[PDB]
Every structure is written in C-alpha cells, then in structure tokens.
Amino acid sequence: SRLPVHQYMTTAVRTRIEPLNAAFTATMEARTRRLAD
Amino acid sequence: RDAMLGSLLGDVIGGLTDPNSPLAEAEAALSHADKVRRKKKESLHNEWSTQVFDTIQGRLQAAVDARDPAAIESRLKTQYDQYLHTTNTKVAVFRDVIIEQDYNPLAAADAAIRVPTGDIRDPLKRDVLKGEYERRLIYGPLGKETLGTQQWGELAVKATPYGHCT
Amino acid sequence: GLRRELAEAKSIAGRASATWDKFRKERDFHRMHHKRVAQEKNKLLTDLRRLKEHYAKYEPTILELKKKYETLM
Amino acid sequence: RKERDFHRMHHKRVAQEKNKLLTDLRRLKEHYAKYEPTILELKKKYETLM
Amino acid sequence: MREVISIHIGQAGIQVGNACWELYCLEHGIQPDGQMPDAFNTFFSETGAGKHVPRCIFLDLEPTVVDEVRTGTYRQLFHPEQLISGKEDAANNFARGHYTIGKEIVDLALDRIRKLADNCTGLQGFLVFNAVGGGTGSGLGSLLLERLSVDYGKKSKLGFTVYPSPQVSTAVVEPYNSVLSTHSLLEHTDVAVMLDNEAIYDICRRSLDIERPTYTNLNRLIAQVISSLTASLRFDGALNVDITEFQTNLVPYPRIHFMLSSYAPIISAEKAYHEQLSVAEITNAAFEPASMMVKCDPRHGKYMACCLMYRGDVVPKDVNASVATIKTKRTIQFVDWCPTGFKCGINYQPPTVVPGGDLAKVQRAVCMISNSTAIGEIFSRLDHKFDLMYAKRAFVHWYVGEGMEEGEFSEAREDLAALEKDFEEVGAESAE
Amino acid sequence: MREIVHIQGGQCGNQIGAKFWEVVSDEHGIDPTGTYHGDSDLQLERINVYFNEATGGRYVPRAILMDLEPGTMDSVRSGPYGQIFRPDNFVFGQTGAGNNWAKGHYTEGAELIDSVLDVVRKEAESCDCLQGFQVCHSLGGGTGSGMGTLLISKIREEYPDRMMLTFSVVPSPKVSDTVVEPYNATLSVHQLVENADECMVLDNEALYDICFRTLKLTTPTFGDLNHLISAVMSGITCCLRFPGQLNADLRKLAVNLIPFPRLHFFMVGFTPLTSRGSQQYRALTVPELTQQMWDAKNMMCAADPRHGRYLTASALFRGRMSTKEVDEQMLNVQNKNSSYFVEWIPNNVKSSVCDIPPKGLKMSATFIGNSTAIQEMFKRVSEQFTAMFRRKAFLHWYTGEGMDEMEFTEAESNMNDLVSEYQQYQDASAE
Ligand SMILES: Nc1nc2c(ncn2[C@@H]2O[C@H](COP(=O)(O)OP(=O)(O)OP(=O)(O)O)[C@@H](O)[C@H]2O)c(=O)[nH]1
Ligand SMILES: Nc1nc2c(ncn2[C@@H]2O[C@H](COP(=O)(O)OP(=O)(O)O)[C@@H](O)[C@H]2O)c(=O)[nH]1
Ligand SMILES: [Mg+2]
C-alpha cells in the first residue's frame with residue numbers, strides 16, 4: 001500500500017512549489033479516502 | 001438631430017441588455033463554443049487516462065505487488081557479490097569483453113519486469129492510426145537516407161568517400 | 001491445400017463484411033454533421049453581417065454625443 | 001473507403017472554417033467592447049449636464 | 001548573476017573542501033593569498049577589492065581537521081568567520097550529530113549561511129559535501145540539510161556524498177550512519193551524486209598507475225568532477241548546462257535523484273604522449289565500469305538519464321557521433337521510456353592541472369553523471385549490511401542514549417526498502 | 001513601404017539571428033559600425049524592410065533579442081556585427097528556463113512577455129505598413145520555445161491581419177542535446193498551428209548532412225550550420241529588398257503555397273551549395289540549379305521528400321536569367337515525376353525571379369516546399385512523446401508551474417490532427 005512514484009513528491013521538490021505542495025496533499029487525502037472506502 | 005441621437009443611444013444601450021440583440025447572440029455562440037471545447041478537452045483527458053495510463057499502471061503496480069522485496073535484495077546481493085568476485089579475481093573488468101561462463105551482467109537486464117502494452121489502444125492516436133487499423137483488419141522505418149552518425153567523428157570522416165582527400 | 005485456400009477466402013470475405021458495415025455507418029456520420037455545420041456556418045455569416053451593421057452604429061454615436069455635449073455646454 | 005474519405009475531408013474543412021469565423025467574431029467582440037466604457041461614460045456625462 | 005554556495009560538512013567534506021578550493025584558485029588565477037594578479041591600482045589593493053573570499057562554509061565538530069585549513073597554505077583565502085569548529089566530534093554517531101552535539105552548532109551555521117546569502121545577489125543552488133560514513137557528515141549533514149529546506153525554498157540542494165565501500169571500511173558503524181543519513185538524502189536533497197572510496201582507488205591503481213594512493217590523491221580527481229559539472233556557470237561554451245538545467249533533464253521522478261559519476265580521461269604524464277585522446281575515444285572510456293567513480297555495473301542497470309560535461313576543444317559534431325556509438329552498443333542498455341537520454345554540455349575551457357598533480361595536461365575531458373537503476377545495487381549491499389547488524393541490535397545503545405529513539409532505525413530501513421522497490425518499479429520496460 | 005519585424009528567441013535564435021544579420025547587412029552594405037558603404041544604388045533603395053533610420057546615417061536592425069539567460073547575449077554583443085543592434089531591444093531574463101517549456105511559458109515567461117511586447121509594439125507602431133513577423137528560434141528549447149511560442153500567441157491576437165514567419169529548428173531523432181527535448185517540441189507545435197500563419201521547418205541533422213555531403217566540411221561547427229540557415233532567410237525576402245522580373249512578396253508566397261490553413265509547415269533548402277574543391281569544375285546554369293534543388297540531399301529538413309507528395313512548391317530565383325528557361329525547367333520536373341507531385345493542383349510549382357544575385361554567387365535559388373511528407377518528422381517527435389508521457393517521466397518538472405498533465409493531451413491531439421490531415425490529402429485523388 002505505497003504511493004506510485006510519479007505521485008510521490010519529496011519535500012525538497014515540495015518546498016519549491018506551493019501549487020505542487022497542494023498537489024501532493026490532494027493525493028494524500030485521495031489515499032486516505034480510497035482506503036476508507 | 002435630437003431624434004437621431006435618441007434612436008442611436010437607444011439601440012447602442014439596449015443592445016447591451018436585450019436578449020434578442022446581436023451582441024447577445026454572439027455571446028451565446030461564444031459561450032456555447034467555449035463550453036463545447038472545454039467538455040471535449042476534459043473528455044479527451046479522461047478517456048486517455050482511463051484507456052492508457054490507468055491500465056498500464058494497473059498492470060505495473062500489480063506486477064510490483066506480486067513481486068516481493070526480500071527476493072529483490074537477495075538477487076541484487078548475488079549480482080553485486082558476483083561483480084566484486086570478478087573484480088577481485090580478474091586484472092580489471094572491461095565492458096567490451098564478456099565471458100559468459102565467468103560473468104553475465106546482461107542477466108540483470110533480462111530479469112526485469114515486463115508489461116505487455118499490446119492491448120492498449122491510444123485515444124490520442126485515433127486519426128493517425130485509423131489507416132493502419134483499416135489496413136490490418138510506433139510507426140514504420142521513417143526518415144531520409146543520411147550519413148551514418150557513427151561516421152560523423154574525426155576518424156571516419158576521412159575514410160568515408162566524402163572528404164576522402166580534402 | 002485446397003481447404004486452406006477456402007478458409008482464407010472465407011476469412012477475407014468475413015473480415016471485409018464487418019468493416020464495410022462500419023464504413024457505411026461512418027460515412028453517414030460524416031454526411032449528417034457536414035450538412036449540419038454548413039447550415040450553422042451560414043448562420044454565423046448572417047450574424048457577422050448584422051454585428052458589423054450593429055458595430056457601425058457605435059462610432060457615429062461617439063461622435064454625436066460629442067457634438068451634443070459641446071452644444072449643451 | 002473512397003466515399004468515406006470524400007465526406008471526411010469535407011466535414012473537416014467546414015469544421016476548420018467554422019472556428020475561423022468564430023475567432024473573427026471574438027476579435028470584433030473585443031474591439032468594440034473597448035468602445036463600451038467610453039460610450040457609457042459620455043452618456044452619463046451627458047445626463048449630468050442636462 | 002549565477003552564484004553557488006557550497007557547504008562542506010565533516011572531515012571528508014573539508015578534505016575535499018581543501019582539494020576543490022585549491023583547484024578553483026588555479027582555474028581562475030586566484031593565488032592562495034586571494035589576490036588576482038595609476039593611483040587607482042594602489043587604491044584597489046588596500047580596499048580589498050582584489051580579494052575573492054569563497055562562498056563556502058567549512059563546518060565540522062572535530063577541531064583538528066579545520067585548524068589545519070586555518071594554518072595551511074590557504075589561510076588568507078578563507079574568511080575566519082566562514083570556518084566553524086566544535087568542542088567535541090560526533091564520532092561515528094548519527095545521534096550525536098543530529099540531536100545532541102549538532103544541535104548547538106547548526107544554528108550558528110545558518111547564521112553564516114544567511115550572511116553568505118545576503119552577499120549574493122540572486123542565489124541558484126546549494127552544494128553539500130559530506131560522507132555518510134562518519135558522524136558529522138551524516139548527523140550534522142542531515143540536520144543542516146533539514147533546516148536549509150525550511151529557510152530557503154526554490155533553491156536547489158545538490159548532494160555530494162561519499163558512501164561506504166562494500167569491501168573497504170575505515171570504521172565499523174558505517175551501515176548505521178549510512179542508512180539513517182540516506183533517509184535524509186531521499187527527502188531533502190534535489191540531486192545526489194554517489195562517490196565511492198575504493199572505486200577511486202581502483203582508478204588510481206589502473207589509470208594513473210600509482211601503487212600508493214592516499215586521500216590527497218583521491219580528493220584531487222574528486223575536485224576534477226565537481227568543477228567539471230559547474231564549469232558551465234564559470235565559462236561560456238557552445239552548450240551551457242546550468243544548475244537548474246541539471247535537475248530538469250536528469251531526474252525523472254522526485255525519489256529517483258541518486259546519480260553516478262565518471263571522468264573519462266585519467267592519464268598519467270608518461271602515458272599521455274602515446275595515447276590519442278579523441279572525443280570518440282574518451283566517451284567510450286567514460287561509460288567503462290572501471291573508469292566510474294562508484295563500484296557498480298552499468299550493465300546491471302539501465303541508464304534512465306545521463307549528462308555529459310565536455311571541456312576543451314570539442315566541436316558539436318563529433319560529440320554527437322559519440323552519442324550514437326554509445327546507443328548502438330548492446331553492452332550499454334537504456335530504459336525504454338527515454339529515447340533521448342543524453343544531455344550534452346560543452347565548455348570551451350580546457351581542464352586545469354594542479355601543480356604536482358598526477359593528472360596530465362589533457363586537451364578534452366568528459367564528466368559523465370548518469371542516473372541508473374544499478375544504484376539500488378549499491379543500496380542492496382548496504383541494506384543487508386545494516387539488516388545483519390540490526391538483527392542482533394548491536395551498536396544501538398550509543399544511538400538510543402543520545403536522544404534517538406529505536407523506531408528511527410526501522411523508519412530509515414523502511415524508506416531505504418521503498419527506494420529498493422522504486423528502482424525495480426521504474427526499471428521496468430514496456431515491450432509489446 | 002513594406003517592413004518585417006525580426007524576433008530572436010533563445011540561444012538557438014540568437015545564434016542563428018546573429019548570422020542572419022551577418023549576411024543581409026553585408027549584402028545591403030552596412031559596415032560593423034552601422035553606416036552605409038555600398039557602391040550600388042539598388043542596395044540603398046529598400047533598406048526599410050530590415051533597418052530603421054537613425055542619426056548620422058546609421059541603420060539599426062528591426063531586431064528584438066530576447067532570452068532568459070545573460071550568457072548567450074554576451075556572445076552576440078561581443079561578436080562581429082554585434083554593435084548595430086539597439087540596446088533598448090536587449091531584453092533578457094536572469095533565472096533561465098533550462099530547456100523547460102512551461103517555465104519559460106507560465107511561471108517566468110509571464111514576467112518577461114510584458115517587456116518584450118512593449119518593444120515589439122513600439123517598433124511596429126513606428127513603421128508604416130507591416131508585411132509580417134519573422135521569428136527565429138528552436139522548438140526543443142525552453143527559453144526560445146516556451147517564451148517564443150507565447151509571443152507568437154500574443155502578437156497574433158493584436159495583429160491578426162499580418163503574416164507570420166517562424167524559422168523553427170526542430171529536434172532531431174539521430175542527434176539529441178536535451179533529455180526532455182520531445183516535451184518542448186510537442187507543446188510548441190500545438191501553439192504554432194493556430195497562431196503562426198506559416199512555418200519554415202529546419203533540422204540540425206539535415207543541416208549537418210548538407211554541410212558534409214555537399215560542402216565537404218569535415219569539421220562542421222554551429223557557425224556554418226547557421227550560415228546555411230541565414231542564406232535561406234535572405235532568400236525568402238528577395239522580392240522586398242530588390243526588384244525583379246516576377247515579384248512575389250511574403251503575402252503572395254503564402255497564398256500560393258498554403259491550400260488549407262493547417263497545412264502551413266514547409267521544408268526549405270538553398271540550391272547552389274558546392275565545396276570549393278568542386279567549385280571551379282561545376283558550371284552554374286539554370287538546368288544545373290534545378291537538378292540540385294529537387295535533390296533530397298540538398299534539403300534542410302529531416303523529412304524525406306521521396307516518400308511523400310508535393311502539395312505546393314515555390315522557387316525564388318535570384319540573378320540575371322531567362323524566364324523561359326525557368327518555366328521549361330519547372331515543367332520538366334513535373335512531367336518526369338508525375339507520381340511525386342500532387343494531382344489535384346495544376347501548375348504545382350509557382351516561381352519568381354529577382355535580378356540581384358547574392359554576394360559571391362552569380363546565380364542562386366531558394367526553394368520553399370509544402371510537401372505532405374513532413375508528417376514523418378512530427379511522427380518522430382510523437383514517438384518519443386508517447387514513450388515518455390505514457391510513463392509520466394520528467395513530468396513533475398512541467399506540472400509545477402500550474403500547467404498540469406491535463407494540458408498535455410490536447411498538445412498531442414493537435415500534434416496528431418496535423419499529420420492526419422497531411423496523410424489524408426496525400427491519399428486523396430481527383431474526381
Ligand atoms: N574521498 C574521501 N573520503 C574520505 C576522506 N576522509 C574520510 N573519508 C571517508 O569518510 C569516512 C570517515 O568518516 P568521516 O565522514 O570522515 O567522519 P568525520 O567527518 O570525521 O565525522 P566524525 O566521525 O563525527 O568525527 C571514511 O570511511 C572515508 O570513506 C577523504 O579525504 N577523501
Ligand atoms: N543551428 C543551430 N542550432 C542550435 C544552435 N545552438 C543550439 N542549437 C540547437 O538547439 C537545441 C538546444 O536548444 P537550447 O540551446 O537549449 O535552446 P534554449 O533553451 O533557447 O537555450 C540543440 O538540439 C541544438 O541542435 C546553433 O547555434 N545553431
Ligand atoms: Mg571527525
């Protein structure tokens with residue numbers, strides 16, 4: 001139950017771009033919702 | 001003058017708000033075209049995703065799910081131990097020569113995950129690939145004949161007939 | 001070898017028969033929309049003429065308000 | 001196939017010139033929309049002077 | 001203007017730091033005193049406008065290696081405010097460098113960084129030089145790297161690390177310090193470049209026929225690799241490769257940022273005359289495994305992306321011929337999803353030679369940094385190396401006592417195993 | 001009363017544009033300092049096409065140098081014919097795209113488009129009757145492609161009744177200098193089909209082939225590659241700069257060569273390219289130029305004209321010659337190759353003659369070709385795109401600046417309707 005590599009943004013890349021910071025957190029809530037469903 | 005001014009101001013003001021105005025008709029046509037192209041854009045993105053990307057990543061992540069990490073570290077340990085044994089025994093290891101009995105580094109490339117990608121039909125390539133679809137029911141070797149790019153270097157540039165004695 | 005040639009001919013006839021059914025449907029799909037857009041194209045042509053007539057009213061209106069505002073001044 | 005490609009070619013060509021008149025409609029729309037604040041401001045100015 | 005701040009952490013970083021800043025001075029004509037050679041010239045000297053202080057930080061908790069720089073041949077080059085010492089070394093403990101001893105020094109380090117960031121007009125990146133084998137390079141390295149991501153965004157963090165050898169060790173607790181530091185290297189670096197200690201030993205034994213290589217000789221041709229990739233910023237060329245060009249072409253995915261290194265012409269002075277150093281000749285030598293700076297097989301993995309920094313008299317014609325000869329050979333294998341995988345960067349400046357150096361004067365040079373799936377081959381060696389020691393839980397009371405919890409060992413193991421699965425996942429090929 | 005605005009984009013555009021202003025300024029008689037020294041009155045008559053008036057008899061080019069790095073503008077400024085350019089046209093960025101398409105298009109190109117559009121609008125309003133917008137750049141870059149294509153979008157919005165010429169250097173399959181190179185080209189061509197009125201397509205592997213097969217240069221650098229591209233650009237504008245027997249300006253070439261608005265991509269090639277060893281042996285005649293012109297190895301495009309059909313072709317002959325020999329030669333090549341030219345367009349090749357040859361050549365010819373055969377180059381870029389985009393390789397760098405992966409679908413789709421239309425008109429026949 002791991003995130004695919006093209007969706008996992010590391011913190012160094014994440015701290016560069018706040019649009020991409022929100023892109024990763026949109027994927028994080030997608031993981032919690034899919035596992036709960 | 002006053003009646004003409006009143007009529008002109010009346011039409012140029014009522015055209016901004018009248019639903020039967022040509023301005024309103026043009027706005028309706030533009031909004032319809034914008035909605036149509038936005039819907040077509042979203043439909044193209046979704047159909048490409050579902051027909052190609054979801055299928056390919058489903059196959060790939062299913063293969064990785066079937067794959068076990070412990071076997072991966074064991075296999076890479078054996079490969080690295082083989083490489084260090086070859087570098088310990090031989091007087092340097094060179095890429096061009098391969099002794100199959102001694103050391104087979106291509107087995108690592110052979111033991112790799114394989115994804116079929118033959119059932120997938122790309123929705124973006126519908127108009128390009130319709131011709132080869134109807135002929136049958138990546139493209140072929142394409143380009144023009146040119147000089148071999150191995151011959152572009154300073155060594156073969158004199159061996160090739162162009163610039164033989166120049 | 002005669003049985004193989006008959007199987008190939010039935011395969012050729014069978015494969016073709018499925019396809020030209022699709023060709024007939026697709027060519028009917030193109031004819032209906034091409035006529036539909038052509039009728040829609042002529043509507044935009046008349047709309048463009050009307051809007052140019054409507055836009056032609058704008059620049060006299062700017063001039064006429066400038067004339068009236070100076071006379072009122 | 002030849003009959004299909006004849007109508008395929010014609011359908012695409014009318015579709016292309018549909019968008020060309022569409023962009024020409026948009027260009028004339030943006031041009032005279034800039035005249036709109038001027039003609040509104042003069043009309044409000046004309047009413048206040050009355 | 002292009003400008004780069006390079007931080008050197010640990011003993012291994014500062015010994016490279018002594019070597020690389022020696023080479024930078026000879027490249028730009030800077031003397032060890034720092035002065036590049038009517039009445040304005042007399043005014044020019046006494047105002048210090050001819051002095052070029054490096055944009056570097058020498059921080060290490062062990063004082064006995066940083067005062068050698070303070071009393072060495074480069075005592076006038078470095079600002080004394082830029083050289084940071086400590087009372088006690090981290091001493092091969094990731095817990096000491098990250099929690100207890102490295103805590104009261106890293107706050108002083110960002111104070112030095114903020115002063116260096118104020119002098120620079122527009123910053124472009126950060127360069128980290130450390131070894132994950134030791135305590136300070138790993139522990140204080142991870143702490144400084146974690147804080148620099150918080151304080152500075154959109155600025156790249158380029159990582160130069162000296163990973164432990166599979167066979168050669170100077171200590172015992174390398175698997176603990178490497179694995180814990182790796183979890184920071186996954187998370188906070190932008191591009192990480194591997195360096196292996198004995199892979200350079202095999203280079204100096206074979207290519208430069210020196211039977212007695214020491215750390216001074218290894219760090220000298222290490223300093224060749226660092227300057228070659230950043231040579232696009234110093235000097236103009238036919239094809240420039242900036243520090244932001246490096247990231248956008250060489251890492252396909254955010255986790256995949258560990259990279260290999262290679263330097264193609266490594267020829268002694270006597271051997272230089274008989275050898276013909278052509279662009280096509282050294283490019284074949286660049287991809288040769290024994291010329292690589294990391295002990296690994298390029299044939300084991302597949303090159304996902306690669307770059308080539310060319311220095312000297314290289315025309316764009318024959319380098320492109322060298323591109324095609326590599327691709328057509330069956331021993332070098334690419335991944336299927338990257339057809340155009342080579343970034344070509346040519347600098348017009350020939351590589352400098354240090355006085356007394358073992359490298360000879362070579363007209364044309366290639367530095368090859370490539371991303372391969374055979375770098376998880378290196379990780380799998382350290383994976384079971386750490387797993388065998390952690391099974392009996394030896395050398396844990398040093399880490400537990402100095403602030404670190406037990407669960408940090410499992411989390412770094414969890415992150416490292418994820419990268420092990422990562423390289424097999426992306427190393428997959430799509431074949432019809 | 002005709003003039004062309006020239007725009008240079010990125011490192012490739014600045015390097016090619018420097019060598020283009022090397023030729024035309026030397027052809028018109030401009031010295032390094034910017035003053036007139038020509039001995040013929042015909043050179044001075046039409047200089048407003050490419051040069052503006054200045055005090056003291058100086059002539060500054062109508063060039064706008066734009067990029068995102070200061071590195072490659074120090075080269076053009078220090079190079080020869082580098083002082084004629086206006087420093088007010090030296091607009092530049094500092095961060096640099098680094099061969100990223102959307103970094104120069106969305107997050108950093110937006111802060112520079114307002115500066116470059118003010119310079120273009122100031123230069124366009126100064127002159128009287130615009131003929132077109134000529135831009136030289138590359139499609140595989142990020143500096144000249146991402147910023148350049150957005151300027152192509154912007155100036156087409158506020159100048160919709162003007163021609164537009166793009167001399168774009170495409171990526172090559174055989175030789176590659178960038179890893180994310182197919183991403184930059186696919187998004188650039190998508191922005192070029194609607195905005196740009198017509199496109200001149202150049203490829204480095206074709207330029208490298210012609211520099212060694214014909215000119216026999218054993219060591220081709222970028223200098224002699226850009227020289228051949230420079231000679232083509234001066235060949236297109238032969239009508240405006242000088243009189244001739246038959247005059248065909250930028251508008252007339254566009255209306256002859258473009259049957260349908262999407263089919264506006266071209267393949268070009270300069271005709272009289274001989275090595276100096278074989279210079280004295282060859283005799284320059286009108287039949288000799290026509291044999292070389294239709295040859296595939298003389299083409300500056302990586303596509304193969306042998307494999308495709310010529311929808312329209314145009315040859316711009318420069319020099320003193322007989323028009324009867326021109327009409328006989330073009331009719332000679334159409335009849336002897338009937339399956340090579342398109343069937344539903346009679347009089348397939350339309351040509352013009354100018355009586356002023358270029359410097360150093362008594363006769364010259366510039367060939368413009370609208371062949372259907374150009375789909376293969378776009379297919380080769382499309383092959384590498386679907387290799388990368390189906391695995392999301394190197395895509396997190398592109399989606400950072402707000403342009404998500406959703407905006408890649410229509411770029412490839414508009415990369416595919418172009419090659420389908422070219423394929424459709426090839427197979428289509430009369431009646
Ligand atoms: N290439 C290179 N590697 C070195 C050099 N010096 C040390 N190393 C590496 O660093 C390891 C020793 O640990 P260090 O990182 O130096 O430890 P440290 O920097 O002193 O930090 P502490 O142990 O906390 O004091 C060795 O295993 C070497 O692999 C050097 O001069 N050159
Ligand atoms: N003809 C020509 N092509 C060039 C030149 N410089 C670069 N290129 C091409 O441009 C491509 C790389 O584009 P790049 O320089 O990164 O564009 P940029 O992003 O605007 O700087 C390479 O594939 C080269 O083939 C030049 O001087 N002449
Ligand atoms: Mg120490």
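Rules and cut-offs
- Residues numbered from 1 in each chain as written, not as in the entry; some residues may be left out.
- Chains lettered and ligands numbered in written order.
- Part of a larger assembly, values for the part shown.
- Heavy atoms only, no water.
- Near = heavy atom within 4 Å.
- Polar contact = N/O pair within 3.5 Å; in protein donor to acceptor, adjacent residues only side chain to side chain.
- Areas by Shrake-Rupley, 256 points an atom, 1.4 Å probe, with all protein chains shown as cover.
- Helix = DSSP H or I, 4+ residues; strand = E, 2+ residues; numbered from the N terminus.
- Buried < 20%, exposed > 50% of the residue type's maximum accessible area, 1.4 Å probe, protein only.
- Pairing = 2+ DSSP bridges.
- Nonpolar A, V, L, I, M, F, W, Y, C, P; charged D, E, K, R; others polar.
- Contact = heavy atoms within 4.5 Å.
- Buried area = accessible area lost by both parts, 1.4 Å probe.
- Salt bridge = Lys/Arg side-chain N within 4 Å of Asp/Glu carboxyl O.
- Axes fitted to C-alpha atoms, helices over the stretch in contact; angles between N-to-C directions.

- Going by the header, the method for this PDB entry is cryo-EM, and the resolution given is 3.7 Å.

Brief notes about the site of ligand 1
All names here are of chain E.
Inference 1: Taken together, 17 residues are adjacent to ligand 1, and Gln-11, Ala-91, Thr-136, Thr-170 and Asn-219 come closest.
Inference 2: Contact distances for ligand 1 include 3.3 Å between an oxygen atom and a backbone N or O atom of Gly-134.
Inference 3: Contact between ligand 1 and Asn-219: a nitrogen atom at 2.6 Å from a side-chain N or O atom of the residue.
Inference 4: In isolation ligand 1 has 640 Å² of accessible area, and contact with the protein removes 89% of it.
Inference 5: Secondary structure elements with two or more residues in the shell around ligand 1: α1 (10-28), α6 (135-151) and α9 (215-229).
Inference 6: Ranked by residues supplied to the shell around ligand 1, first place goes to α1 with 4 residues.

Some remarks on the pairing of strand β1 (residues 2-9) of chain F
All names here are of chain F.
Inference 1: Burial analysis of β1 places 7 of its 8 residues in the buried class, which makes it a mostly covered element.
Inference 2: Note that β1 and strand β4 (residues 63-67) share 4 bridges and pair parallel. Paired with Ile-7 across the two strands is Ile-64, which belongs to β4.

Overview of the site of ligand 2
Residue and element names in this part refer to chain F.
Inference 1: Surrounding ligand 2, one finds 17 residues, the nearest of these being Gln-11, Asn-99, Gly-142, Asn-204 and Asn-226.
Inference 2: Between ligand 2 and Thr-143, the relevant distance is 3.1 Å, taken from an oxygen atom to a main-chain nitrogen or oxygen of the residue.
Inference 3: The protein chains hide 93% of the 570 Å² of surface that ligand 2 would expose on its own.
Inference 4: The element best represented in the shell around ligand 2 is helix α1 (residues 10-28), accounting for 5 residues.
Inference 5: Class assignment of the residues belonging to the shell around ligand 2 gives a composition of 4 nonpolar, 11 polar and 2 charged.

Focus on the interface of chain F and chain B
As a measure of interface size, the accessible area lost when the parts come together is often cited.
Inference 1: Across the contact, 39 residues belong to chain F and 30 residues belong to chain B.
Inference 2: In total, about 3,300 Å² of surface goes out of reach between chain F and chain B, with carbon and sulfur atoms giving 65% of it.
Inference 3: Across the contact surface, chain F and chain B share 2 salt bridges.
Inference 4: In this structure, the salt-bridge partner of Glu-410 of chain F is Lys-41 of chain B, at a minimum N-O distance of 2.5 Å.
Inference 5: If you look at where chain F meets chain B, you find 9 residue pairs in polar contact.
Inference 6: Elements represented by at least two residues in the side of chain F that touches chain B include exactly α8 (204-213), α14 (375-389), α15 (409-414) and α16 (417-427) of chain F.
Inference 7: The dominant element in the side of chain F that touches chain B, judged by the number of residues it contributes, is α14 of chain F, at 7 residues.
Inference 8: Within the side of chain F that touches chain B, the residues separate by chemical class into 12 nonpolar, 9 polar and 18 charged.

As for the sheet that holds strand β9 (residues 265-270) of chain F
All names here are of chain F.
Inference 1: Spatial ordering of the open sheet is given by β5-β4-β1-β6-β7-β8-β9-β12-β10-β11, a layout of 10 strands whose pairing is mixed. Each end of this open sheet is capped by a strand with a single partner; those strands are β5 (90-92) and β11 (352-354). In this sheet, adjacent strand axes meet at a mean angle of 20 degrees when their direction is disregarded.
Inference 2: For strand β8 (residues 198-203) and β9, the ladder comprises 3 bridges, and the chain directions are parallel. Paired with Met-200 across the bridge in β9 is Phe-266.
Inference 3: Its contacts with the sheet place helix α3 (residues 71-78) against β4 and β5, and it is angled at close to 165 degrees to β5.

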